[PDB]
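First, one chain by itself in structure tokens, the form deposited in one PDB entry.
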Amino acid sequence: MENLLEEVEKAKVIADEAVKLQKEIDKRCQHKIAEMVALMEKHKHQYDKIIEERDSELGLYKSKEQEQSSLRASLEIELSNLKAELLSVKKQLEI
């Protein structure tokens, strides 16, 4: 009759060990998901930082490219004015 009592005790112990082991498995999987979510968050914030910086970057880039284009315009006008004054002196000498 202690047969049944011992068998119910084994049922209890088996159930307990199975439940604790499944809790361990579950927890480990949850922690993996947590750490991957955190890594993704970190990367996402870094990309946000870069994309927010690029607007100020473009403002500065626009200022500099405008100055660059103005310089090219000046250089072209100057080589043209020079070629013109040379065409003038050449004919003054043709006299």
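We number the residues from 1 along the sequence you see. Rigid core here is just the name for the largest C-alpha set that superposes within 1.5 Å across the two forms.
Undergrad: Which is higher on mean Cα B factor in this entry, 82-90 or 67-75?
TA: For C-alpha atoms only, the mean B-factor is higher in 82-90.
Undergrad: Where does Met36 sit by CA temperature factor within its chain: lowest, middle or highest third?
TA: Lowest third of the chain for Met36's C-alpha B-factor.
Undergrad: What third of the chain, by the recorded C-alpha B-factor, contains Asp48?
TA: Lowest third, going by the recorded CA B-factors of the chain.
Undergrad: Check where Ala11 lands among this chain's C-alpha B-factors and tell me if it's the lowest, middle or highest third.
TA: Answer is lowest: the recorded C-alpha B-factor places it there.
Undergrad: Please say which third, lowest, middle or highest, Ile25 falls into when its CA temperature factor is compared across its chain.
TA: It belongs to the lowest third of the chain when residues are ordered by C-alpha B-factor.
The following text describes the form deposited in another entry, which does not appear among the structures shown.
Undergrad: Tell me, which of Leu86, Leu79, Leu71, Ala11 is the one whose C-alpha shifts by at least 2 Å between the shown form and the other one, with the rigid core superposed?
TA: The one that moves 2 Å or more is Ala11.
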